[PDB]
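Colleague: Provided below: run.pdb, containing PDB, C-alpha atoms and all ligand atoms.
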```pdb
ATOM      1  CA  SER V 225     -51.691 -36.948 -61.660
ATOM      2  CA  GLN V 226     -48.980 -36.529 -58.929
ATOM      3  CA  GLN V 227     -46.334 -38.974 -57.658
ATOM      4  CA  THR V 228     -44.413 -38.177 -54.447
ATOM      5  CA  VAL V 229     -41.573 -40.557 -53.533
ATOM      6  CA  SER V 230     -39.329 -40.111 -50.489
ATOM      7  CA  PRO V 231     -35.681 -41.310 -50.689
ATOM      8  CA  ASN V 232     -34.962 -43.958 -48.028
ATOM      9  CA  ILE V 233     -31.330 -43.919 -46.887
ATOM     10  CA  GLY V 234     -30.351 -47.381 -45.688
ATOM     11  CA  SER V 235     -28.132 -50.310 -46.681
ATOM     12  CA  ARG V 236     -29.908 -53.267 -48.366
ATOM     13  CA  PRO V 237     -28.363 -56.726 -49.226
ATOM     14  CA  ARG V 238     -25.437 -56.075 -51.588
ATOM     15  CA  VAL V 239     -26.263 -56.730 -55.273
ATOM     16  CA  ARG V 240     -23.231 -56.669 -57.681
ATOM     17  CA  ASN V 241     -21.479 -55.174 -54.573
ATOM     18  CA  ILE V 242     -24.040 -52.334 -54.356
ATOM     19  CA  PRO V 243     -25.925 -51.862 -51.050
ATOM     20  CA  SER V 244     -27.934 -48.969 -52.689
ATOM     21  CA  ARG V 245     -30.897 -49.167 -55.146
ATOM     22  CA  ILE V 246     -32.882 -47.211 -57.756
ATOM     23  CA  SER V 247     -36.704 -47.530 -57.615
ATOM     24  CA  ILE V 248     -38.136 -46.958 -61.130
ATOM     25  CA  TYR V 249     -41.402 -44.979 -61.687
ATOM     26  CA  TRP V 250     -43.343 -43.932 -64.798
ATOM     27  CA  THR V 251     -45.604 -41.069 -65.848
ATOM     28  CA  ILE V 252     -47.824 -40.738 -68.952
ATOM     29  CA  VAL V 253     -48.326 -37.132 -70.157
ATOM     30  CA  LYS V 254     -51.424 -36.594 -72.323
ATOM     31  CA  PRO V 255     -51.339 -34.220 -75.422
ATOM     32  CA  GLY V 256     -52.823 -31.287 -73.489
ATOM     33  CA  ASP V 257     -50.815 -31.800 -70.222
ATOM     34  CA  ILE V 258     -47.332 -30.672 -68.879
ATOM     35  CA  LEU V 259     -44.706 -32.779 -66.981
ATOM     36  CA  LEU V 260     -43.557 -31.078 -63.766
ATOM     37  CA  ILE V 261     -40.522 -32.406 -61.812
ATOM     38  CA  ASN V 262     -39.636 -31.083 -58.332
ATOM     39  CA  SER V 263     -36.543 -32.518 -56.641
ATOM     40  CA  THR V 264     -34.119 -31.487 -53.848
ATOM     41  CA  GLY V 265     -31.907 -34.530 -54.528
ATOM     42  CA  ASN V 266     -31.858 -38.327 -55.180
ATOM     43  CA  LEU V 267     -33.733 -38.050 -58.529
ATOM     44  CA  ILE V 268     -32.856 -40.273 -61.558
ATOM     45  CA  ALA V 269     -34.242 -37.852 -64.199
ATOM     46  CA  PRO V 270     -35.440 -38.786 -67.717
ATOM     47  CA  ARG V 271     -33.538 -37.955 -70.954
ATOM     48  CA  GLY V 272     -36.771 -37.784 -72.954
ATOM     49  CA  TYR V 273     -39.925 -39.779 -73.721
ATOM     50  CA  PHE V 274     -41.078 -43.032 -75.297
ATOM     51  CA  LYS V 275     -43.787 -43.485 -77.950
TER      52      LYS V 275
ATOM     53  CA  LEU I 124     -51.788 -63.298 -46.550
ATOM     54  CA  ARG I 125     -54.907 -65.328 -45.462
ATOM     55  CA  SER I 126     -55.032 -67.166 -48.824
ATOM     56  CA  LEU I 127     -51.195 -67.379 -49.069
ATOM     57  CA  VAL I 128     -51.170 -69.335 -45.756
ATOM     58  CA  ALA I 129     -54.350 -71.363 -46.513
ATOM     59  CA  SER I 130     -53.102 -72.602 -49.952
ATOM     60  CA  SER I 131     -49.737 -73.514 -48.329
ATOM     61  CA  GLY I 132     -51.715 -75.813 -45.976
ATOM     62  CA  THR I 133     -49.191 -75.744 -43.100
ATOM     63  CA  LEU I 134     -48.529 -73.734 -39.893
ATOM     64  CA  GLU I 135     -45.059 -75.414 -39.524
ATOM     65  CA  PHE I 136     -42.786 -72.815 -37.923
ATOM     66  CA  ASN I 137     -39.006 -73.085 -37.518
ATOM     67  CA  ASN I 138     -37.598 -70.858 -34.756
ATOM     68  CA  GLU I 139     -34.544 -68.737 -35.595
ATOM     69  CA  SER I 140     -31.890 -66.958 -33.482
ATOM     70  CA  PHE I 141     -31.653 -63.220 -34.347
ATOM     71  CA  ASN I 142     -28.981 -60.917 -32.819
ATOM     72  CA  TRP I 143     -31.082 -58.567 -30.641
ATOM     73  CA  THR I 144     -28.193 -57.026 -28.591
ATOM     74  CA  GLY I 145     -28.931 -53.559 -27.257
ATOM     75  CA  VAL I 146     -32.695 -54.198 -26.954
ATOM     76  CA  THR I 147     -35.011 -55.915 -24.437
ATOM     77  CA  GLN I 148     -36.814 -58.926 -25.949
ATOM     78  CA  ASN I 149     -40.171 -60.605 -25.107
ATOM     79  CA  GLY I 150     -42.404 -57.551 -24.524
ATOM     80  CA  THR I 151     -45.834 -58.489 -23.051
ATOM     81  CA  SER I 152     -49.418 -57.040 -22.806
ATOM     82  CA  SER I 153     -52.494 -57.430 -20.529
ATOM     83  CA  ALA I 154     -54.569 -57.677 -23.773
ATOM     84  CA  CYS I 155     -52.768 -60.954 -24.584
ATOM     85  CA  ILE I 156     -53.359 -63.356 -21.645
ATOM     86  CA  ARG I 157     -51.553 -66.743 -21.742
ATOM     87  CA  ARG I 158     -51.981 -69.123 -18.723
ATOM     88  CA  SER I 159     -53.269 -66.267 -16.439
ATOM     89  CA  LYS I 160     -50.103 -64.137 -17.109
ATOM     90  CA  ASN I 161     -49.420 -61.119 -19.430
ATOM     91  CA  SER I 162     -48.028 -62.298 -22.793
ATOM     92  CA  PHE I 163     -48.028 -61.625 -26.604
ATOM     93  CA  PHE I 164     -48.354 -63.390 -30.027
ATOM     94  CA  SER I 165     -46.409 -66.661 -29.747
ATOM     95  CA  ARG I 166     -44.727 -66.196 -33.173
ATOM     96  CA  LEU I 167     -43.785 -62.490 -32.628
ATOM     97  CA  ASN I 168     -41.115 -60.735 -30.514
ATOM     98  CA  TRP I 169     -41.917 -57.347 -28.913
ATOM     99  CA  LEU I 170     -38.622 -55.418 -28.810
ATOM    100  CA  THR I 171     -38.320 -52.735 -26.088
ATOM    101  CA  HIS I 172     -35.422 -50.323 -25.192
ATOM    102  CA  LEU I 173     -32.379 -51.496 -23.182
ATOM    103  CA  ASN I 174     -31.276 -49.226 -20.302
ATOM    104  CA  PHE I 175     -33.158 -46.320 -21.957
ATOM    105  CA  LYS I 176     -31.403 -46.853 -25.339
ATOM    106  CA  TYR I 177     -32.623 -48.278 -28.708
ATOM    107  CA  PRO I 178     -29.602 -48.793 -31.020
ATOM    108  CA  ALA I 179     -30.251 -48.659 -34.783
ATOM    109  CA  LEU I 180     -30.659 -52.402 -35.522
ATOM    110  CA  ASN I 181     -29.212 -54.134 -38.655
ATOM    111  CA  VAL I 182     -30.026 -57.823 -38.161
ATOM    112  CA  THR I 183     -29.421 -60.386 -40.950
ATOM    113  CA  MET I 184     -31.100 -63.806 -41.608
ATOM    114  CA  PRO I 185     -29.989 -65.633 -44.813
ATOM    115  CA  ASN I 186     -31.759 -68.447 -46.660
ATOM    116  CA  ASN I 187     -29.553 -71.550 -47.232
ATOM    117  CA  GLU I 188     -32.493 -74.023 -47.056
ATOM    118  CA  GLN I 189     -33.161 -74.358 -50.892
ATOM    119  CA  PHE I 190     -36.896 -73.476 -50.102
ATOM    120  CA  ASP I 191     -38.830 -70.143 -49.666
ATOM    121  CA  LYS I 192     -39.223 -68.792 -46.104
ATOM    122  CA  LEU I 193     -42.316 -66.852 -45.013
ATOM    123  CA  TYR I 194     -41.578 -64.137 -42.393
ATOM    124  CA  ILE I 195     -44.246 -62.322 -40.335
ATOM    125  CA  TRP I 196     -43.429 -59.011 -38.604
ATOM    126  CA  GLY I 197     -45.281 -55.950 -37.458
ATOM    127  CA  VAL I 198     -45.018 -52.253 -36.651
ATOM    128  CA  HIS I 199     -46.357 -51.001 -33.307
ATOM    129  CA  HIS I 200     -48.283 -47.721 -33.547
ATOM    130  CA  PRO I 201     -48.344 -46.329 -29.966
ATOM    131  CA  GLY I 202     -51.472 -44.455 -28.929
ATOM    132  CA  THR I 203     -49.672 -41.742 -26.941
ATOM    133  CA  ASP I 204     -46.216 -40.080 -27.210
ATOM    134  CA  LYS I 205     -45.611 -41.042 -23.520
ATOM    135  CA  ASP I 206     -45.881 -44.727 -24.453
ATOM    136  CA  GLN I 207     -43.424 -44.263 -27.279
ATOM    137  CA  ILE I 208     -40.840 -43.062 -24.661
ATOM    138  CA  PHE I 209     -42.001 -45.752 -22.161
ATOM    139  CA  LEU I 210     -41.297 -48.589 -24.665
ATOM    140  CA  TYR I 211     -38.659 -47.365 -27.097
ATOM    141  CA  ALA I 212     -37.042 -44.467 -25.046
ATOM    142  CA  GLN I 213     -36.876 -42.330 -28.249
ATOM    143  CA  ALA I 214     -38.907 -41.042 -31.214
ATOM    144  CA  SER I 215     -40.067 -43.393 -34.028
ATOM    145  CA  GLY I 216     -37.800 -44.348 -36.928
ATOM    146  CA  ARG I 217     -39.024 -45.914 -40.204
ATOM    147  CA  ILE I 218     -38.809 -49.760 -39.875
ATOM    148  CA  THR I 219     -37.185 -51.155 -43.081
ATOM    149  CA  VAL I 220     -37.204 -54.915 -43.885
ATOM    150  CA  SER I 221     -35.475 -55.738 -47.180
ATOM    151  CA  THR I 222     -33.859 -58.461 -49.345
ATOM    152  CA  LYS I 223     -31.782 -58.651 -52.609
ATOM    153  CA  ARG I 224     -35.193 -58.536 -54.482
ATOM    154  CA  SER I 225     -37.606 -56.454 -52.291
ATOM    155  CA  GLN I 226     -37.773 -53.636 -49.644
ATOM    156  CA  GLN I 227     -40.586 -52.622 -47.266
ATOM    157  CA  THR I 228     -40.364 -49.297 -45.387
ATOM    158  CA  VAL I 229     -43.088 -48.624 -42.800
ATOM    159  CA  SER I 230     -43.223 -45.502 -40.624
ATOM    160  CA  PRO I 231     -44.718 -45.772 -37.092
ATOM    161  CA  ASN I 232     -47.724 -43.445 -36.696
ATOM    162  CA  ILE I 233     -48.157 -42.232 -33.113
ATOM    163  CA  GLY I 234     -51.814 -41.450 -32.483
ATOM    164  CA  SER I 235     -54.792 -42.752 -30.501
ATOM    165  CA  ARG I 236     -57.346 -44.827 -32.476
ATOM    166  CA  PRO I 237     -60.802 -46.076 -31.216
ATOM    167  CA  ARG I 238     -60.141 -48.277 -28.169
ATOM    168  CA  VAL I 239     -60.264 -52.031 -28.930
ATOM    169  CA  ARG I 240     -60.190 -54.348 -25.829
ATOM    170  CA  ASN I 241     -59.250 -51.043 -24.053
ATOM    171  CA  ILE I 242     -56.235 -50.529 -26.359
ATOM    172  CA  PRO I 243     -55.997 -47.232 -28.300
ATOM    173  CA  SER I 244     -52.755 -48.541 -29.991
ATOM    174  CA  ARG I 245     -52.380 -51.066 -32.879
ATOM    175  CA  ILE I 246     -49.948 -53.455 -34.599
ATOM    176  CA  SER I 247     -49.930 -53.436 -38.437
ATOM    177  CA  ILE I 248     -48.807 -56.882 -39.698
ATOM    178  CA  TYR I 249     -46.483 -57.259 -42.757
ATOM    179  CA  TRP I 250     -44.893 -60.257 -44.496
ATOM    180  CA  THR I 251     -41.728 -60.991 -46.461
ATOM    181  CA  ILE I 252     -40.821 -64.076 -48.541
ATOM    182  CA  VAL I 253     -37.064 -64.835 -48.683
ATOM    183  CA  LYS I 254     -35.986 -66.984 -51.650
ATOM    184  CA  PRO I 255     -33.270 -69.761 -51.256
ATOM    185  CA  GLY I 256     -30.471 -67.512 -52.536
ATOM    186  CA  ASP I 257     -31.558 -64.292 -50.688
ATOM    187  CA  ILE I 258     -30.926 -62.746 -47.165
ATOM    188  CA  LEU I 259     -33.479 -61.069 -44.798
ATOM    189  CA  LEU I 260     -32.295 -57.644 -43.607
ATOM    190  CA  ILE I 261     -34.123 -55.805 -40.765
ATOM    191  CA  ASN I 262     -33.319 -52.170 -39.879
ATOM    192  CA  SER I 263     -35.226 -50.606 -36.981
ATOM    193  CA  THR I 264     -34.768 -47.656 -34.567
ATOM    194  CA  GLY I 265     -37.896 -48.661 -32.612
ATOM    195  CA  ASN I 266     -41.574 -49.777 -32.877
ATOM    196  CA  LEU I 267     -40.722 -53.105 -34.611
ATOM    197  CA  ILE I 268     -42.631 -56.366 -33.837
ATOM    198  CA  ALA I 269     -39.790 -58.716 -34.917
ATOM    199  CA  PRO I 270     -40.177 -62.347 -36.080
ATOM    200  CA  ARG I 271     -39.136 -65.415 -34.008
ATOM    201  CA  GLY I 272     -38.428 -67.447 -37.148
ATOM    202  CA  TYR I 273     -40.018 -68.521 -40.438
ATOM    203  CA  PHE I 274     -42.936 -70.512 -41.823
ATOM    204  CA  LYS I 275     -42.812 -73.258 -44.475
TER     205      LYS I 275
HETATM  206  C1  LIG V 301     -25.883 -53.938 -42.105
HETATM  207  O1  LIG V 301     -25.819 -55.334 -42.407
HETATM  208  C2  LIG V 301     -25.093 -55.673 -43.601
HETATM  209  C3  LIG V 301     -25.106 -57.183 -43.698
HETATM  210  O2  LIG V 301     -24.730 -57.798 -42.472
HETATM  211  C4  LIG V 301     -23.683 -55.080 -43.566
HETATM  212  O3  LIG V 301     -23.522 -54.170 -44.609
HETATM  213  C5  LIG V 301     -22.591 -54.635 -45.391
HETATM  214  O4  LIG V 301     -22.624 -56.054 -45.478
HETATM  215  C6  LIG V 301     -21.727 -56.569 -46.472
HETATM  216  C7  LIG V 301     -22.039 -58.040 -46.608
HETATM  217  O5  LIG V 301     -23.430 -58.230 -46.859
HETATM  218  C8  LIG V 301     -20.281 -56.251 -46.091
HETATM  219  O6  LIG V 301     -19.454 -56.668 -47.185
HETATM  220  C9  LIG V 301     -18.017 -56.629 -47.088
HETATM  221  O7  LIG V 301     -17.465 -55.617 -47.948
HETATM  222  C10 LIG V 301     -16.292 -55.990 -48.692
HETATM  223  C11 LIG V 301     -15.808 -54.744 -49.403
HETATM  224  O8  LIG V 301     -15.423 -53.724 -48.489
HETATM  225  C12 LIG V 301     -16.628 -57.136 -49.646
HETATM  226  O9  LIG V 301     -15.453 -57.588 -50.309
HETATM  227  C13 LIG V 301     -17.287 -58.292 -48.899
HETATM  228  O10 LIG V 301     -18.543 -58.613 -49.484
HETATM  229  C14 LIG V 301     -17.423 -58.017 -47.399
HETATM  230  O11 LIG V 301     -18.183 -59.039 -46.762
HETATM  231  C15 LIG V 301     -20.123 -54.748 -45.820
HETATM  232  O12 LIG V 301     -18.852 -54.456 -45.250
HETATM  233  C16 LIG V 301     -21.210 -54.228 -44.874
HETATM  234  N1  LIG V 301     -21.157 -52.775 -44.788
HETATM  235  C17 LIG V 301     -20.557 -52.092 -43.793
HETATM  236  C18 LIG V 301     -20.552 -50.600 -43.939
HETATM  237  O13 LIG V 301     -20.038 -52.651 -42.829
HETATM  238  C19 LIG V 301     -23.401 -54.379 -42.237
HETATM  239  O14 LIG V 301     -23.241 -55.324 -41.182
HETATM  240  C20 LIG V 301     -24.507 -53.377 -41.900
HETATM  241  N2  LIG V 301     -24.308 -52.126 -42.612
HETATM  242  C21 LIG V 301     -24.230 -50.935 -42.000
HETATM  243  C22 LIG V 301     -24.135 -49.741 -42.902
HETATM  244  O15 LIG V 301     -24.240 -50.825 -40.776
HETATM  245  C1  LIG V 302     -30.789 -48.045 -40.054
HETATM  246  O1  LIG V 302     -31.680 -47.079 -40.605
HETATM  247  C2  LIG V 302     -31.533 -45.786 -40.000
HETATM  248  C3  LIG V 302     -32.662 -44.928 -40.524
HETATM  249  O2  LIG V 302     -33.923 -45.428 -40.092
HETATM  250  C4  LIG V 302     -30.141 -45.223 -40.282
HETATM  251  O3  LIG V 302     -30.004 -44.096 -39.415
HETATM  252  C5  LIG V 302     -29.082 -43.057 -39.705
HETATM  253  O4  LIG V 302     -28.144 -42.944 -38.634
HETATM  254  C6  LIG V 302     -27.084 -42.000 -38.853
HETATM  255  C7  LIG V 302     -26.283 -41.945 -37.571
HETATM  256  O5  LIG V 302     -25.881 -43.242 -37.146
HETATM  257  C8  LIG V 302     -27.643 -40.638 -39.272
HETATM  258  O6  LIG V 302     -27.210 -40.319 -40.590
HETATM  259  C9  LIG V 302     -29.169 -40.552 -39.152
HETATM  260  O7  LIG V 302     -29.576 -40.433 -37.793
HETATM  261  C10 LIG V 302     -29.858 -41.746 -39.815
HETATM  262  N1  LIG V 302     -30.212 -41.440 -41.192
HETATM  263  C11 LIG V 302     -31.460 -41.137 -41.590
HETATM  264  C12 LIG V 302     -31.647 -40.939 -43.063
HETATM  265  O8  LIG V 302     -32.393 -41.029 -40.797
HETATM  266  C13 LIG V 302     -29.050 -46.257 -39.968
HETATM  267  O9  LIG V 302     -27.794 -45.834 -40.488
HETATM  268  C14 LIG V 302     -29.397 -47.638 -40.537
HETATM  269  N2  LIG V 302     -28.372 -48.627 -40.215
HETATM  270  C15 LIG V 302     -27.595 -48.653 -39.095
HETATM  271  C16 LIG V 302     -26.811 -49.912 -38.880
HETATM  272  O10 LIG V 302     -27.512 -47.705 -38.319
HETATM  273  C1  LIG V 303     -24.459 -58.727 -32.212
HETATM  274  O1  LIG V 303     -24.502 -57.339 -32.570
HETATM  275  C2  LIG V 303     -23.488 -56.520 -31.965
HETATM  276  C3  LIG V 303     -23.765 -55.099 -32.399
HETATM  277  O2  LIG V 303     -25.028 -54.655 -31.921
HETATM  278  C4  LIG V 303     -22.106 -57.024 -32.373
HETATM  279  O3  LIG V 303     -21.096 -56.219 -31.771
HETATM  280  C5  LIG V 303     -21.929 -58.479 -31.943
HETATM  281  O4  LIG V 303     -20.693 -58.977 -32.444
HETATM  282  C6  LIG V 303     -23.081 -59.349 -32.457
HETATM  283  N1  LIG V 303     -23.039 -60.662 -31.829
HETATM  284  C7  LIG V 303     -23.276 -61.814 -32.477
HETATM  285  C8  LIG V 303     -23.161 -63.061 -31.654
HETATM  286  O5  LIG V 303     -23.571 -61.848 -33.670
HETATM  287  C1  LIG V 304     -37.569 -64.667 -25.190
HETATM  288  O1  LIG V 304     -38.313 -65.821 -24.818
HETATM  289  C2  LIG V 304     -38.041 -66.964 -25.642
HETATM  290  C3  LIG V 304     -38.889 -68.087 -25.090
HETATM  291  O2  LIG V 304     -40.241 -67.669 -24.915
HETATM  292  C4  LIG V 304     -36.541 -67.268 -25.639
HETATM  293  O3  LIG V 304     -36.249 -68.191 -26.685
HETATM  294  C5  LIG V 304     -35.715 -65.995 -25.839
HETATM  295  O4  LIG V 304     -34.325 -66.291 -25.756
HETATM  296  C6  LIG V 304     -36.111 -64.927 -24.816
HETATM  297  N1  LIG V 304     -35.277 -63.744 -24.952
HETATM  298  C7  LIG V 304     -34.211 -63.500 -24.169
HETATM  299  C8  LIG V 304     -33.556 -62.164 -24.350
HETATM  300  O5  LIG V 304     -33.800 -64.319 -23.352
END
```
Output the structure of this file as structure tokens.
Ligand SMILES: *[C@@H]1O[C@H](CO)[C@@H](O[C@@H]2O[C@H](CO)[C@@H](O[C@@H]3O[C@H](CO)[C@@H](O)[C@H](O)[C@@H]3O)[C@H](O)[C@H]2NC(C)=O)[C@H](O)[C@H]1NC(C)=O
Ligand SMILES: *[C@@H]1O[C@H](CO)[C@@H](O[C@@H]2O[C@H](CO)[C@@H](O)[C@H](O)[C@H]2NC(C)=O)[C@H](O)[C@H]1NC(C)=O
Ligand SMILES: *[C@@H]1O[C@H](CO)[C@@H](O)[C@H](O)[C@H]1NC(C)=O
Ligand SMILES: *[C@@H]1O[C@H](CO)[C@@H](O)[C@H](O)[C@H]1NC(C)=O
Modeller:
Amino acid sequence: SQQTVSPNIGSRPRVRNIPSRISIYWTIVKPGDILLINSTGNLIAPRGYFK
Amino acid sequence: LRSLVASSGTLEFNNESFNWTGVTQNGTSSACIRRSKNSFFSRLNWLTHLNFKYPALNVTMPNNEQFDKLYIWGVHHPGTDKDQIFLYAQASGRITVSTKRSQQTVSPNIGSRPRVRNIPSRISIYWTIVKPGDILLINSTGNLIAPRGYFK
């Protein structure tokens, strides 16, 4: 698989006084496979994996 | 959308006043003929440039009605680049309509498509539901087919 997401700069209705947001995404990596992250900014990187 | 409207069982529309300063309202087409004169969709506003300038819009519409509001808007995909300048006076800029809960970003795609009623252009229709607490936020730098109000 491949997931490309473009950061969208723009103010949205303030939530807990924050006009910004974080869109959450998920990826499942199969026993054979390798996780590949490419970013030039705006990424909210993982700290590890879940069972 | 077809079933969302059908199940609702009403076409009851309440007009709303949006701040459209810096842009020309009520854009019309020869495709849409109403009473022998050029017109457009009755429930949609075709925003054009004002004195060759399209300011980056940031129009707000809050819900204080203790009921959900259905909003219909579009994105105009001009056939030619010349049109784009004719209508909006500048290059396309991703139309973004958001709330406290959701966000919809749509990028205008300039390109000719098979002519329909001699029109190589199109309008892609989108919808947003604003909950009683929430606020409707529209950001556009051109190509937006703005609402005229909400539906019950
Ligand atoms: C785009 O529209 C929104 C909504 O009209 C505005 O952005 C921000 O809107 C909030 C209210 O929704 C403003 O909040 C104000 O901030 C103070 C703290 O400084 C806070 O105590 C209050 O909640 C107060 O109402 C906020 O100022 C405003 N942001 C900016 C930069 O003006 C604004 O009209 C538009 N935003 C942009 C970036 O143009
Ligand atoms: C509305 O959204 C646009 C993006 O579609 C924002 O445009 C930015 O404008 C500033 C200059 O005013 C520049 O940083 C860029 O030209 C734009 N940024 C990007 C990422 O394209 C705009 O700020 C938004 N809101 C308002 C009120 O302008
Ligand atoms: C409408 O928007 C302009 C900015 O484009 C702002 O200066 C003006 O105060 C607004 N007018 C109303 C009536 O909200
Ligand atoms: C657009 O036309 C409608 C009536 O068809 C009117 O309510 C609206 O104010 C017009 N826009 C301007 C800028 O006058």
Colleague: Which distance in Å separates CA of residue 138 in chain I and CA of residue 273 in chain I, to one decimal?
Modeller: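 Value for the CA of residue 138 in chain I-CA of residue 273 in chain I distance: 6.6 Å.
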Colleague: Could you tell me which residues of chain I sit within 7 Å of chain V when counting only C-alpha atoms, and give me the result as number ranges by chain?
Modeller: I: 221-223, 258, 260
Colleague: For the residues in the current selection, export C-alpha atoms as a CSV table (one decimal), in the frame of the given file.
Modeller:
```csv
chain,number,residue,atom,x,y,z
I,221,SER,CA,-35.5,-55.7,-47.2
I,222,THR,CA,-33.9,-58.5,-49.3
I,223,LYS,CA,-31.8,-58.7,-52.6
I,258,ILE,CA,-30.9,-62.7,-47.2
I,260,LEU,CA,-32.3,-57.6,-43.6
```
Colleague: Residues at most 6 Å from range 264-272 of chain I, counting only C-alpha atoms, excluding those fewer than 3 positions away in the same chain, as an MDAnalysis selection string?
Modeller: chainID I and resid 137:139 166:169 179 195:199 211 215:216
Colleague: May I ask which of the residues I:163, I:173, I:133, I:154 is the closest one to ligand LIG 303 (chain V), counting only C-alpha atoms and all ligand atoms?
Modeller: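 The shortest atom-to-atom distance to ligand LIG 303 (chain V) comes from I:173.
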Colleague: Can you build me a table of chain I residues sitting at most 10 Å from ligand LIG 302 (chain V), with the closest atom pair per residue and its distance in Å to one decimal, using only C-alpha atoms and all ligand atoms, sorted by chain and residue number, as a tab-separated table?
Modeller:
```
residue	atom	partner	partner_atom	distance
I:178	CA	V:LIG302	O10	7.7
I:179	CA	V:LIG302	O10	4.6
I:180	CA	V:LIG302	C16	5.7
I:181	CA	V:LIG302	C16	4.9
I:182	CA	V:LIG302	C16	8.6
I:215	CA	V:LIG302	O2	8.9
I:216	CA	V:LIG302	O2	5.1
I:217	CA	V:LIG302	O2	5.1
I:218	CA	V:LIG302	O2	6.5
I:219	CA	V:LIG302	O2	7.2
I:228	CA	V:LIG302	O2	9.2
I:230	CA	V:LIG302	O2	9.3
I:261	CA	V:LIG302	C1	8.5
I:262	CA	V:LIG302	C1	4.8
I:263	CA	V:LIG302	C1	6.0
I:264	CA	V:LIG302	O2	6.0
I:265	CA	V:LIG302	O2	9.1
```
Colleague: Determine the residue set returned by the PyMOL selection byres (((chain V and resi 262) around 12) and not hetatm) for the present structure, and present it as a PyMOL selection string.
Modeller: chain V and resi 226-230+259-261+263-269
Colleague: Might you pull out every residue within 9 Å of range 244-251 of chain I, with only C-alpha atoms counted and same-chain residues fewer than 3 positions away left off, and present them as a ChimeraX atom specification?
Modeller: /I:124,192-203,220-222,225-227,233-239,259,268
Colleague: Output C-alpha atoms of each residue in that selection to a file, as a CSV table (one decimal), keeping the file's coordinate frame.
Modeller:
```
chain,number,residue,atom,x,y,z
I,124,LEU,CA,-51.8,-63.3,-46.6
I,192,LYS,CA,-39.2,-68.8,-46.1
I,193,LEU,CA,-42.3,-66.9,-45.0
I,194,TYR,CA,-41.6,-64.1,-42.4
I,195,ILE,CA,-44.2,-62.3,-40.3
I,196,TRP,CA,-43.4,-59.0,-38.6
I,197,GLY,CA,-45.3,-56.0,-37.5
I,198,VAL,CA,-45.0,-52.3,-36.7
I,199,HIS,CA,-46.4,-51.0,-33.3
I,200,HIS,CA,-48.3,-47.7,-33.5
I,201,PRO,CA,-48.3,-46.3,-30.0
I,202,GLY,CA,-51.5,-44.5,-28.9
I,203,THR,CA,-49.7,-41.7,-26.9
I,220,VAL,CA,-37.2,-54.9,-43.9
I,221,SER,CA,-35.5,-55.7,-47.2
I,222,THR,CA,-33.9,-58.5,-49.3
I,225,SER,CA,-37.6,-56.5,-52.3
I,226,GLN,CA,-37.8,-53.6,-49.6
I,227,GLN,CA,-40.6,-52.6,-47.3
I,233,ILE,CA,-48.2,-42.2,-33.1
I,234,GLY,CA,-51.8,-41.4,-32.5
I,235,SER,CA,-54.8,-42.8,-30.5
I,236,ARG,CA,-57.3,-44.8,-32.5
I,237,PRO,CA,-60.8,-46.1,-31.2
I,238,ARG,CA,-60.1,-48.3,-28.2
I,239,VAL,CA,-60.3,-52.0,-28.9
I,259,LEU,CA,-33.5,-61.1,-44.8
I,268,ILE,CA,-42.6,-56.4,-33.8
```
Colleague: One decimal, Å: what's the distance from CA of residue 209 in chain I over to atom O15 of ligand LIG 301 (chain V), could you say?
Modeller: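 That distance, rounded to one decimal, is 26.2 Å.
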Colleague: For the provided coordinates, the residues matched by the PyMOL selection byres (((chain V and resi 253) around 12) and not hetatm) should be stated as number ranges by chain.
Modeller: V: 225-226, 250-252, 254-260, 272-275
Colleague: Of the residues I:142, I:231, I:157, I:164, which is the one nearest to ligand LIG 301 (chain V), using only C-alpha atoms and all ligand atoms?
Modeller: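 Ranked by minimum distance to ligand LIG 301 (chain V), first place goes to I:142.
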